[PDB]
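This document starts with one chain, in the form deposited in one PDB entry, laid out as C-alpha cells.
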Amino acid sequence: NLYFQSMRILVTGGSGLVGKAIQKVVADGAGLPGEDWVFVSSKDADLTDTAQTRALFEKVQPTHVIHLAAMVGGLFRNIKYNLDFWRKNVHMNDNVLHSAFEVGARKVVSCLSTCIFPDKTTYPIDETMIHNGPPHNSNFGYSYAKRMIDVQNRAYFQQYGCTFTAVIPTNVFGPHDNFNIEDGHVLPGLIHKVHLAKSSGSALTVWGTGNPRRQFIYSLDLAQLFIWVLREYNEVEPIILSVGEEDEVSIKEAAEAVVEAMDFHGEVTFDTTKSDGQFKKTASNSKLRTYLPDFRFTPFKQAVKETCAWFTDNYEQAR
C-alpha cells in the first residue's frame, strides 16, 4: 500500500460574505478528492488573540490557508476608527500568517482591498502600484494594515521561500453579506435601504453625490477565482480579482440596479452631506486576464437581482 496526504484548507472568517461564497462553490463541485475544507469564525477562535490563533492552527493542522478574516466595514465605519482598524487587522494578519507558517502551511492566500492603492495615482491601477504612494486619508488605518500583508508575504518568501500570496478584490457584494444600514458596504447597505423604503412607503436616501465610480465583484465569482488562486497562482505578488475597467459603474448606476431589482417606484434622493470617499479606484485585471482570459463574470444587474432575491427570501436569518 502507498498513500498520499490530503490537503487541509483552513478558511479564516468562513462565516462571512466571501467565506459563505467559497462554502457554496466548494460544495457545488469545486472541492477535489481528499481535500478537507475547514471554515471557522470568531466563535471558533478570536484571531486578535495569539494564544487562541496558535491553538486553532495546532488543532486543525492546515496544509493550505485562505485568510479572509478581518475588521471589515463600509466607508462610514472604517473612517471613524482608523486606530482600531489598523491595530486589530495587523494583530490578526500577524497571528494567522505566523501560526500557518509554524504549523508548516505550504500556501497562504490572504484577502486585500482596492483601498490599499494610492490616493494620487494614474488609472488603471495595477498590482505594481500598491506601494507607489499613500492611500486615502479616510480609511488609511485599514488600508495600511492590508498593505503590510503583502510586506509580510514578501518577507516570509525571502527568509523561508514561503508561497504566501494575496488577492485584491474590488467591491464585493452577494448573499450572506452585512446588510447593516451603518456598518455595511455600498451595495448591501442600499439593498436594505430600498427594502425598508418599499415596506414603509418612504423615499430612498443615497449617501454622497452618487457619482463615485466603482468596480463590483459578485461573491460567487470571487469564490471561484479564490479557489483557483489557491490551486494554481504561485506568485508572491498579489493578483487583482476584478471585472474589466470598462465594466465600471457609478453609485447612481448601482442604486438604479437595486431599485430595478426590488421593483421600487418611489423617490430617490442623494444626501450630499455624507462623504463620497474616493471618486475612482479603477483597477486593472490585465494580470488576471493573462492567467484566465476566458473566465466569464456574472452580469452586475443579474447578480444584483439575485442578491436582492436572497435578501427577501432570507431576511430573518440575514445580517
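The first residue of the sequence shown is number 1, and the count goes up from there. What we label the rigid core is the largest C-alpha set whose atoms superpose within 1.5 Å from one form to the other.
One more form of this protein, deposited in another entry, exists but is not displayed; see below.
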Using a core superposition, identify the member of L230, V243, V90, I79 whose Cα displacement between the shown form and the other one reaches 2 Å or more. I79
Quick check on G208: with the core superposed, does its CA move 2 angstroms or more between the shown form and the other one? yes
Does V26 move appreciably between the shown form and the other one, meaning a CA displacement of 2 Å or more on the superposed rigid core? yes
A70 and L75, C-alpha gap in the other form relative to this structure (3 Å or more): closer
So the Cα-Cα distance between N78 and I22 shifts by 3 Å or more in the other form; is it shorter or longer than what we see here? farther
